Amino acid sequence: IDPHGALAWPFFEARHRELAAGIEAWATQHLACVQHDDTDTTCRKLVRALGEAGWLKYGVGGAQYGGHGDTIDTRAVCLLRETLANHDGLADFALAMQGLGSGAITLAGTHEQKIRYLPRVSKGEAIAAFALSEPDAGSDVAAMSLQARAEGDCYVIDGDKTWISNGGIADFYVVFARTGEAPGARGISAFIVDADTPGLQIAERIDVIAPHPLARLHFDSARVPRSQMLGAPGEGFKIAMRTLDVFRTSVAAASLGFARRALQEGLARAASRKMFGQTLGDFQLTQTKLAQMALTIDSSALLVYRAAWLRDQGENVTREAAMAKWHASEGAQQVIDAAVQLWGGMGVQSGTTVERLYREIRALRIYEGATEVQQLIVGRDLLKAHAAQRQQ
């Protein structure tokens, strides 16, 4: 109970303070030496262990379906990702994808669809995936071209998805395809596609700078039953956006966890590195660099948990979640870059904490709405609200 800790803020309830201590204790006991050599196996083990400890319940909505509660506790999910990321980006990834990959089912699935998938997801017995981006269309989601033609009681799916997290190890994929009811964003549908669907191919595994399971998927005329559709034909675009919206602040929270770890490493190095008859921390320039790192972190944390608290009041957080993800991810890049600088040569030595952080942060500014997209979201929302106030 540190009065200066962020957990003392009135954005949090007692259950969040208890949860934060619980996931930190679990992370210390389980993430001391995570093997990045075989990430497929490591992710499978992480999902199982997270499931067994109860941590995957918070990303699922509906207690009867294995959820922690009938709504998703945004503050809890943020605290889980922030803590896991502080310890190991792969553990954060494994928990995050159980939420994002199943979220469309929480939001739009029928009773039987929820019963079939969400208990196993919440227990860590099924690995989930979210398949939206394509080679020619990532930011421009509304122009996706994965085809889903109706034929009988099923849909025949043709084309590719890429950058699919958990690609190759997921037990099912929530897949968004163009069914063609109307142009652009109005002709998309969403499907639950089991990994063993005939016609579903793992076309290639993708290597990124922070390695984790990632694949390009090819659909070779795959037939999935119409009963596997989430929502109504043409409702897929709003389902995708609503799913991303649930977890947007928790992406910001993961960035914050990486940033906090970078400051931990920068502080330890400043305080211990002897140089020029003193320590690195005795120089003004080091002190103000650390101060800016802490300022950025506190700003990020306040924005993250303002947005999560506000969503947990039942409000839409279009502007506040965009601010948090933008600020936390860009801020984490700045904090980590400063920490690398503080560590000197060791800062770029393979395997060190700050060097791994330098790789884990970079992609978070790109996916789930690149920084530029977040800025536009906030700007347009400001002008939208100004216009509404004027029309009153």
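Residues carry their position along the shown sequence, with the first being 1.
(request) Between 191-199 and 113-121, point out the one with the higher average CA B-factor as the PDB entry records it. (result) It is 191-199.
(request) Decide which of the stretches 7-15 and 364-372 has the higher mean C-alpha B-factor, going by the entry. (result) In the deposited entry, the stretch with the higher C-alpha B-factor mean is 364-372.
(message) If I read the C-alpha B-factors straight from the PDB entry, which of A53, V60, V34, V340 is highest?
(response) Result of the comparison over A53, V60, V34, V340: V34.
(request) Kindly indicate the residue among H212, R242, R260, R269 with the greatest C-alpha B-factor in the PDB record. (result) Going by the entry's C-alpha B-factors, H212 comes out highest.
(request) Could you say whether, by C-alpha temperature factor, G345 belongs to the lowest, middle or highest third of its chain? (result) For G345, whose C-alpha B-factor we compare with every modelled residue in the chain, the answer is the highest third.
(message) Taking only the Cα B-factors deposited for this chain, tell me whether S227 sits in the lowest, middle or highest third.
(response) Answer is highest: the recorded C-alpha B-factor places it there.
(request) Name the third of the chain's ranked CA B-factors that contains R273, choosing lowest, middle or highest. (result) Its C-alpha B-factor belongs to the middle third of this chain's values.
(request) Check where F176 lands among this chain's C-alpha B-factors and tell me if it's the lowest, middle or highest third. (result) As the PDB entry reports it, the C-alpha B-factor of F176 lands in the highest third of its chain.
(request) For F219, return the chain-relative third of its C-alpha B-factor as stated in the PDB record: lowest, middle or highest. (result) As the PDB entry reports it, the C-alpha B-factor of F219 lands in the highest third of its chain.
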